[PDB]
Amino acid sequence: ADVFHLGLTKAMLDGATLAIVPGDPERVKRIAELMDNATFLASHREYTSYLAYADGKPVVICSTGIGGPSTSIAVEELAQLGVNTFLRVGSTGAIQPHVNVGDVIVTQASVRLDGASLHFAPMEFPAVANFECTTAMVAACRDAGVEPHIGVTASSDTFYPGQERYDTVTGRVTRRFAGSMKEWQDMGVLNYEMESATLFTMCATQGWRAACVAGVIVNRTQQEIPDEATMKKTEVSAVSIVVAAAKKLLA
């Protein structure tokens, strides 16, 4: 391998400069197979990598794992191999009662509730997406019949205390994060996830483009975690949107 974690060489990317970077190693193939000539490349730790072809052009699909530190490794190593563009697709808990299960969210920037973003810039630096790649995510939603939510996402180093979940062993949340969900709700913050702050801050500072789209799997104003009673029932998927965003950008 040319890179220390991902198990990839530059040859294997066949000149790809754009990656779709989902969180889950298990989504990668499905993503890859919505494009042409999907090929397995590597699987090491949380990092499963496919190649596919969007309208004749090469696209790397590589999982990040949960949260910024695993993300930072993927993003650096892909960029060592010549990726300059990172499209995150993921699931997300809505914190606004008007943001329904199954809606799609385009994250334009992030509340920095991570530590990895600080390894790229002081906290004063905005965790902001690429304008042009956000534009293409928004457009790919609208083509899909979907007006996405566009705004600010709380990006958290934890799924439990940092997203003010109490259904936990101690059911205690440290002072900094006690009340914090209402703080972000009051500020019009749409959702929680766990990687966008890091991906954005490292992309913006290192001169790479990033954006993030995500399907809503629960509303935190009604359930801490989704269960069978939560609406699954499909519609227009964040995975189809990110692929068509990828085509917009390479075309």
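Throughout, we count residues from 1 along the sequence that is shown.
*Asks:* Read off the CA B-factors in the entry, average them over 8 to 16 and over 227 to 235, and name the higher stretch.
*Replies:* Taking the mean B-factor of the alpha carbons in each, 227 to 235 is higher.
*Asks:* Would you tell me which stretch averages the higher CA B-factor in the PDB entry, 45 to 53 or 64 to 72?
*Replies:* On average, C-alpha B-factors are higher across 45 to 53.
*Asks:* Pick out which of 214, 210, 197, 28 has the highest C-alpha B-factor in the PDB entry.
*Replies:* Of 214, 210, 197, 28, 28 has the highest C-alpha B-factor.
*Asks:* In the PDB entry, which of 111, 144, 128, 178 has its C-alpha at the highest B-factor?
*Replies:* In this record, 144 carries the highest C-alpha B-factor of the candidates.
*Asks:* Just say lowest, middle or highest third for the CA B-factor of residue 90 relative to the other modelled residues in its chain.
*Replies:* Ranked within chain, residue 90 CA B lands in the middle tercile.
*Asks:* Among the modelled residues of its chain, does the C-alpha B-factor of residue 191 lie in the lowest, middle or highest third?
*Replies:* Lowest third, going by the recorded CA B-factors of the chain.
*Asks:* Based on the entry's values, in what third of the chain does the Cα temperature factor of residue 97 lie: lowest, middle or highest?
*Replies:* It falls in the top third of the chain.
*Asks:* Please place residue 157 in the lowest, middle or highest third of its chain by C-alpha B factor as given in the entry.
*Replies:* Lowest third, going by the recorded CA B-factors of the chain.
*Asks:* Quick one: classify residue 38 as lowest, middle or highest third of the chain based on its Cα B-factor.
*Replies:* Middle third by C-alpha B-factor.
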